[PDB]
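Participant: Supplied structure: entry-v8.pdb, PDB, C-alpha atoms (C1' of nucleotides).
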```
ATOM      1  CA  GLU A   1      55.637  70.905 128.564  1.00  0.00           C
ATOM      2  CA  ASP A   2      57.051  71.837 131.976  1.00  0.00           C
ATOM      3  CA  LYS A   3      53.859  70.566 133.612  1.00  0.00           C
ATOM      4  CA  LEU A   4      54.004  67.428 131.465  1.00  0.00           C
ATOM      5  CA  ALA A   5      57.616  66.843 132.536  1.00  0.00           C
ATOM      6  CA  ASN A   6      56.624  66.607 136.211  1.00  0.00           C
ATOM      7  CA  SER A   7      56.257  63.077 137.562  1.00  0.00           C
ATOM      8  CA  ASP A   8      52.946  63.828 139.300  1.00  0.00           C
ATOM      9  CA  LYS A   9      49.974  62.146 137.656  1.00  0.00           C
ATOM     10  CA  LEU A  10      47.883  64.243 135.271  1.00  0.00           C
ATOM     11  CA  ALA A  11      44.709  62.790 133.802  1.00  0.00           C
ATOM     12  CA  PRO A  12      45.209  62.017 130.106  1.00  0.00           C
ATOM     13  CA  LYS A  13      42.995  64.645 128.446  1.00  0.00           C
ATOM     14  CA  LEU A  14      44.752  67.589 130.096  1.00  0.00           C
ATOM     15  CA  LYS A  15      48.120  66.039 129.233  1.00  0.00           C
ATOM     16  CA  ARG A  16      47.076  65.803 125.579  1.00  0.00           C
ATOM     17  CA  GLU A  17      45.900  69.423 125.686  1.00  0.00           C
ATOM     18  CA  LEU A  18      49.271  70.439 127.144  1.00  0.00           C
ATOM     19  CA  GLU A  19      51.027  68.553 124.347  1.00  0.00           C
ATOM     20  CA  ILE A  20      48.804  70.285 121.779  1.00  0.00           C
ATOM     21  CA  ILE A  21      49.640  73.764 123.074  1.00  0.00           C
ATOM     22  CA  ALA A  22      53.313  72.760 123.170  1.00  0.00           C
ATOM     23  CA  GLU A  23      53.067  71.720 119.516  1.00  0.00           C
ATOM     24  CA  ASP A  24      51.416  75.057 118.722  1.00  0.00           C
ATOM     25  CA  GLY A  25      54.315  76.790 120.456  1.00  0.00           C
ATOM     26  CA  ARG A  26      56.731  74.765 118.340  1.00  0.00           C
ATOM     27  CA  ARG A  27      54.844  75.886 115.231  1.00  0.00           C
ATOM     28  CA  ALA A  28      55.149  79.496 116.403  1.00  0.00           C
ATOM     29  CA  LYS A  29      58.864  78.874 116.906  1.00  0.00           C
ATOM     30  CA  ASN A  30      59.161  77.604 113.333  1.00  0.00           C
ATOM     31  CA  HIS A  31      57.210  80.612 112.048  1.00  0.00           C
ATOM     32  CA  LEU A  32      59.630  82.980 113.782  1.00  0.00           C
ATOM     33  CA  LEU A  33      62.633  81.036 112.473  1.00  0.00           C
ATOM     34  CA  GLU A  34      61.427  81.180 108.870  1.00  0.00           C
ATOM     35  CA  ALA A  35      60.529  84.835 109.369  1.00  0.00           C
ATOM     36  CA  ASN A  36      64.084  85.770 110.275  1.00  0.00           C
ATOM     37  CA  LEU A  37      65.864  83.479 107.830  1.00  0.00           C
ATOM     38  CA  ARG A  38      65.925  86.561 105.661  1.00  0.00           C
ATOM     39  CA  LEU A  39      67.579  88.514 108.483  1.00  0.00           C
ATOM     40  CA  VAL A  40      70.480  86.072 108.789  1.00  0.00           C
ATOM     41  CA  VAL A  41      71.129  85.953 105.047  1.00  0.00           C
ATOM     42  CA  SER A  42      71.715  89.725 105.094  1.00  0.00           C
ATOM     43  CA  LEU A  43      73.890  89.384 108.195  1.00  0.00           C
ATOM     44  CA  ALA A  44      75.910  86.568 106.652  1.00  0.00           C
ATOM     45  CA  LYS A  45      76.356  88.699 103.561  1.00  0.00           C
ATOM     46  CA  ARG A  46      77.614  91.326 105.980  1.00  0.00           C
ATOM     47  CA  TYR A  47      80.503  88.907 106.709  1.00  0.00           C
ATOM     48  CA  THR A  48      81.064  87.087 103.401  1.00  0.00           C
ATOM     49  CA  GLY A  49      84.351  86.955 101.527  1.00  0.00           C
ATOM     50  CA  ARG A  50      86.598  85.934 104.450  1.00  0.00           C
ATOM     51  CA  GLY A  51      87.473  82.329 103.644  1.00  0.00           C
ATOM     52  CA  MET A  52      84.034  80.930 104.563  1.00  0.00           C
ATOM     53  CA  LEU A  53      81.460  79.995 101.943  1.00  0.00           C
ATOM     54  CA  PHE A  54      78.423  82.263 101.979  1.00  0.00           C
ATOM     55  CA  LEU A  55      75.922  79.442 102.497  1.00  0.00           C
ATOM     56  CA  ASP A  56      78.026  78.060 105.352  1.00  0.00           C
ATOM     57  CA  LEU A  57      77.893  81.470 107.034  1.00  0.00           C
ATOM     58  CA  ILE A  58      74.138  81.471 106.418  1.00  0.00           C
ATOM     59  CA  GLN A  59      73.774  78.118 108.182  1.00  0.00           C
ATOM     60  CA  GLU A  60      75.881  79.318 111.108  1.00  0.00           C
ATOM     61  CA  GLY A  61      73.673  82.393 111.314  1.00  0.00           C
ATOM     62  CA  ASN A  62      70.692  80.043 111.363  1.00  0.00           C
ATOM     63  CA  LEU A  63      72.241  78.324 114.382  1.00  0.00           C
ATOM     64  CA  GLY A  64      72.765  81.672 116.100  1.00  0.00           C
ATOM     65  CA  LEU A  65      69.174  82.652 115.343  1.00  0.00           C
ATOM     66  CA  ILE A  66      67.968  79.378 116.853  1.00  0.00           C
ATOM     67  CA  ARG A  67      69.879  80.284 120.012  1.00  0.00           C
ATOM     68  CA  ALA A  68      68.447  83.815 120.045  1.00  0.00           C
ATOM     69  CA  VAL A  69      64.872  82.566 119.625  1.00  0.00           C
ATOM     70  CA  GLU A  70      65.371  80.010 122.386  1.00  0.00           C
ATOM     71  CA  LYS A  71      66.597  82.868 124.620  1.00  0.00           C
ATOM     72  CA  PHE A  72      64.190  85.605 123.395  1.00  0.00           C
ATOM     73  CA  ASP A  73      60.955  86.680 125.093  1.00  0.00           C
ATOM     74  CA  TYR A  74      58.599  89.659 125.175  1.00  0.00           C
ATOM     75  CA  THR A  75      59.785  90.633 128.673  1.00  0.00           C
ATOM     76  CA  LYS A  76      62.159  92.943 126.794  1.00  0.00           C
ATOM     77  CA  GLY A  77      60.382  96.022 125.476  1.00  0.00           C
ATOM     78  CA  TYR A  78      62.103  95.798 122.091  1.00  0.00           C
ATOM     79  CA  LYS A  79      61.658  94.140 118.721  1.00  0.00           C
ATOM     80  CA  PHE A  80      63.144  90.739 117.947  1.00  0.00           C
ATOM     81  CA  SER A  81      65.263  92.139 115.107  1.00  0.00           C
ATOM     82  CA  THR A  82      67.331  94.219 117.546  1.00  0.00           C
ATOM     83  CA  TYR A  83      67.997  91.391 120.006  1.00  0.00           C
ATOM     84  CA  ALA A  84      68.746  88.819 117.300  1.00  0.00           C
ATOM     85  CA  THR A  85      71.552  90.545 115.409  1.00  0.00           C
ATOM     86  CA  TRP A  86      73.877  90.431 118.421  1.00  0.00           C
ATOM     87  CA  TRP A  87      73.651  86.644 118.648  1.00  0.00           C
ATOM     88  CA  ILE A  88      73.736  86.219 114.867  1.00  0.00           C
TER      89      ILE A  88
ATOM     90  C1'  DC B   1     212.610 -28.345 161.654  1.00  0.00           C
ATOM     91  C1'  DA B   2     207.430 -27.473 163.182  1.00  0.00           C
ATOM     92  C1'  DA B   3     204.343 -25.028 166.284  1.00  0.00           C
ATOM     93  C1'  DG B   4     203.229 -20.970 168.847  1.00  0.00           C
ATOM     94  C1'  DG B   5     203.666 -16.028 169.415  1.00  0.00           C
ATOM     95  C1'  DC B   6     203.197 -10.774 167.895  1.00  0.00           C
ATOM     96  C1'  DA B   7     202.637  -6.608 163.754  1.00  0.00           C
ATOM     97  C1'  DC B   8     199.230  -3.878 159.817  1.00  0.00           C
ATOM     98  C1'  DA B   9     195.622  -4.487 157.150  1.00  0.00           C
ATOM     99  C1'  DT B  10     191.377  -6.078 156.356  1.00  0.00           C
ATOM    100  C1'  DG B  11     186.070  -7.837 155.438  1.00  0.00           C
ATOM    101  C1'  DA B  12     182.613  -6.176 157.348  1.00  0.00           C
ATOM    102  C1'  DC B  13     180.790  -2.318 160.332  1.00  0.00           C
ATOM    103  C1'  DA B  14     177.792   3.303 160.829  1.00  0.00           C
ATOM    104  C1'  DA B  15     177.770   7.691 160.831  1.00  0.00           C
ATOM    105  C1'  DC B  16     179.277  11.952 159.122  1.00  0.00           C
ATOM    106  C1'  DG B  17     179.575  15.572 154.313  1.00  0.00           C
ATOM    107  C1'  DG B  18     177.691  17.867 151.497  1.00  0.00           C
ATOM    108  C1'  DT B  19     174.376  18.435 148.609  1.00  0.00           C
ATOM    109  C1'  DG B  20     169.949  17.403 146.549  1.00  0.00           C
ATOM    110  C1'  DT B  21     165.184  17.125 146.773  1.00  0.00           C
ATOM    111  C1'  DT B  22     159.948  16.700 149.386  1.00  0.00           C
ATOM    112  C1'  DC B  23     155.211  18.730 151.435  1.00  0.00           C
ATOM    113  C1'  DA B  24     154.124  22.380 153.102  1.00  0.00           C
ATOM    114  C1'  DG B  25     153.759  26.617 154.696  1.00  0.00           C
ATOM    115  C1'  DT B  26     153.899  31.252 153.683  1.00  0.00           C
ATOM    116  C1'  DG B  27     154.603  34.796 151.610  1.00  0.00           C
ATOM    117  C1'  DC B  28     156.899  38.353 147.370  1.00  0.00           C
ATOM    118  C1'  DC B  29     156.316  40.310 143.799  1.00  0.00           C
ATOM    119  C1'  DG B  30     153.767  40.459 139.456  1.00  0.00           C
ATOM    120  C1'  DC B  31     148.574  40.678 137.130  1.00  0.00           C
ATOM    121  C1'  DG B  32     143.656  41.813 137.969  1.00  0.00           C
ATOM    122  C1'  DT B  33     139.297  42.741 140.841  1.00  0.00           C
ATOM    123  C1'  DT B  34     136.275  45.232 145.214  1.00  0.00           C
ATOM    124  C1'  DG B  35     134.120  47.937 149.452  1.00  0.00           C
ATOM    125  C1'  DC B  36     133.642  52.596 150.430  1.00  0.00           C
ATOM    126  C1'  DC B  37     133.197  58.126 149.424  1.00  0.00           C
ATOM    127  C1'  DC B  38     130.894  61.595 147.176  1.00  0.00           C
ATOM    128  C1'  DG B  39     128.472  64.209 143.038  1.00  0.00           C
ATOM    129  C1'  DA B  40     125.354  64.858 139.949  1.00  0.00           C
ATOM    130  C1'  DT B  41     120.686  63.757 138.068  1.00  0.00           C
ATOM    131  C1'  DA B  42     116.088  62.277 137.586  1.00  0.00           C
ATOM    132  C1'  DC B  43     111.749  63.256 139.885  1.00  0.00           C
ATOM    133  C1'  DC B  44     108.230  64.192 143.606  1.00  0.00           C
ATOM    134  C1'  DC B  45     106.405  68.651 145.585  1.00  0.00           C
ATOM    135  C1'  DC B  46     104.556  73.809 146.144  1.00  0.00           C
ATOM    136  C1'  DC B  47     103.582  78.865 143.742  1.00  0.00           C
ATOM    137  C1'  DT B  48     101.383  81.841 140.009  1.00  0.00           C
ATOM    138  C1'  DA B  49     101.261  83.507 134.555  1.00  0.00           C
ATOM    139  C1'  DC B  50      99.015  82.883 130.653  1.00  0.00           C
ATOM    140  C1'  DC B  51      96.336  80.173 126.835  1.00  0.00           C
ATOM    141  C1'  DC B  52      92.057  78.863 125.521  1.00  0.00           C
ATOM    142  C1'  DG B  53      87.034  77.841 125.686  1.00  0.00           C
ATOM    143  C1'  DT B  54      82.250  79.475 126.915  1.00  0.00           C
ATOM    144  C1'  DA B  55      78.672  82.973 127.518  1.00  0.00           C
ATOM    145  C1'  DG B  56      76.731  87.375 127.296  1.00  0.00           C
ATOM    146  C1'  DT B  57      76.289  92.149 124.824  1.00  0.00           C
ATOM    147  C1'  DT B  58      68.944  94.728 123.697  1.00  0.00           C
ATOM    148  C1'  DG B  59      66.921 102.235 119.786  1.00  0.00           C
ATOM    149  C1'  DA B  60      66.272 100.248 115.024  1.00  0.00           C
ATOM    150  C1'  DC B  61      68.933  97.605 111.327  1.00  0.00           C
ATOM    151  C1'  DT B  62      64.558  91.200 106.952  1.00  0.00           C
ATOM    152  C1'  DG B  63      67.306  88.716  99.737  1.00  0.00           C
ATOM    153  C1'  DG B  64      73.350  88.677  97.324  1.00  0.00           C
ATOM    154  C1'  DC B  65      77.019  87.351  94.101  1.00  0.00           C
ATOM    155  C1'  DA B  66      79.129  88.575  89.813  1.00  0.00           C
ATOM    156  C1'  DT B  67      78.785  86.088  86.263  1.00  0.00           C
ATOM    157  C1'  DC B  68      79.244  84.858  80.623  1.00  0.00           C
ATOM    158  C1'  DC B  69      80.481  85.172  75.215  1.00  0.00           C
ATOM    159  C1'  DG B  70      86.536  85.820  69.970  1.00  0.00           C
ATOM    160  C1'  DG B  71      88.585  77.633  72.488  1.00  0.00           C
ATOM    161  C1'  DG B  72      87.578  74.605  68.621  1.00  0.00           C
ATOM    162  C1'  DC B  73      86.068  70.658  67.425  1.00  0.00           C
ATOM    163  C1'  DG B  74      83.970  66.938  66.957  1.00  0.00           C
ATOM    164  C1'  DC B  75      81.370  63.250  68.472  1.00  0.00           C
ATOM    165  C1'  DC B  76      78.215  60.670  71.538  1.00  0.00           C
ATOM    166  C1'  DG B  77      74.374  60.321  73.439  1.00  0.00           C
ATOM    167  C1'  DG B  78      70.202  61.438  75.349  1.00  0.00           C
ATOM    168  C1'  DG B  79      66.422  64.545  75.852  1.00  0.00           C
ATOM    169  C1'  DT B  80      62.640  66.915  73.784  1.00  0.00           C
ATOM    170  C1'  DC B  81      59.146  68.677  71.813  1.00  0.00           C
ATOM    171  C1'  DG B  82      57.096  69.072  66.865  1.00  0.00           C
ATOM    172  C1'  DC B  83      54.705  65.920  63.266  1.00  0.00           C
ATOM    173  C1'  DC B  84      51.258  63.947  60.844  1.00  0.00           C
TER     174       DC B  84
END
```
Can you dump the structure from the file as structure tokens?
Facilitator:
Amino acid sequence: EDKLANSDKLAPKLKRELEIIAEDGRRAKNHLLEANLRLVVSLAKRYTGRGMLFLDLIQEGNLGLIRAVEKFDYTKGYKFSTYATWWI
DNA sequence: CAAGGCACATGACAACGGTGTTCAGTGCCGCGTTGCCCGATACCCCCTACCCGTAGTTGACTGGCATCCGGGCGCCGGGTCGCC
């Protein structure tokens, strides 16, 4: 998608291939998000009972997880579950 | 005895007496209005102290919560699956 964003002309087939791999990356993103939805529910339960509805805390944890995924990469030699909980 | 001569007073004649009025000019005391002079007060500036919003923090850590019955009472009204 970075290459697609550039104004320089790319012939259409390679641009479509770039879009396809970008869509596959988005699907991987969604897979990771659904994988850790369980993580945030436990973390939100870790903070329930303080004037905020449990499902509202779960949604806010979902937002934090979205941030963590958008800022997570394998360059760190650690699992995702360790890096996520801080941002959650 | 009648006519002509001299005294005192007399028809007017202005000008003083004394006092009252005229324009006018200017003040003389009463009532009210005005420039100062300051003094405080709103209103620009500079400085830093502290409130408040945003963004990171990497061992691992991946599904909870306690409900709820002793109304009571009846009806409406619809759903809901058997029934033959």
Participant: For a quick test of understanding: name the residues of chain B lying within 12 Å of chain A when counting all atoms listed in the file, and present them as number ranges by chain.
Facilitator: B: 55-65
Participant: Can you work out which one of A:17, A:73, A:24, A:56 has the shortest atom-to-atom distance to residue A:3, counting only C-alpha atoms?
Facilitator: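 Going through A:17, A:73, A:24, A:56 one by one, the smallest distance to residue A:3 is for A:17.
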Participant: Tell me, in Å to one decimal, how far atom CA of residue A:67 is from atom CA of residue A:29.
Facilitator: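 Taking atom CA of residue A:67 as the start and atom CA of residue A:29 as the end point, the length is 11.5 Å.
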Participant: For atom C1' of residue B:53 and atom CA of residue A:88, quote the distance in Å rounded to one decimal.
Facilitator: 19.1 Å
Participant: For stretch 17-27 of chain B, I'd like the enclosing box, axis-aligned and padded by 6 Å on every side, reported as AutoDock Vina command-line options with centre and edge lengths in Å to one decimal.
Facilitator:
```
--center_x 166.7 --center_y 25.2 --center_z 150.6 --size_x 37.8 --size_y 31.2 --size_z 20.1
```
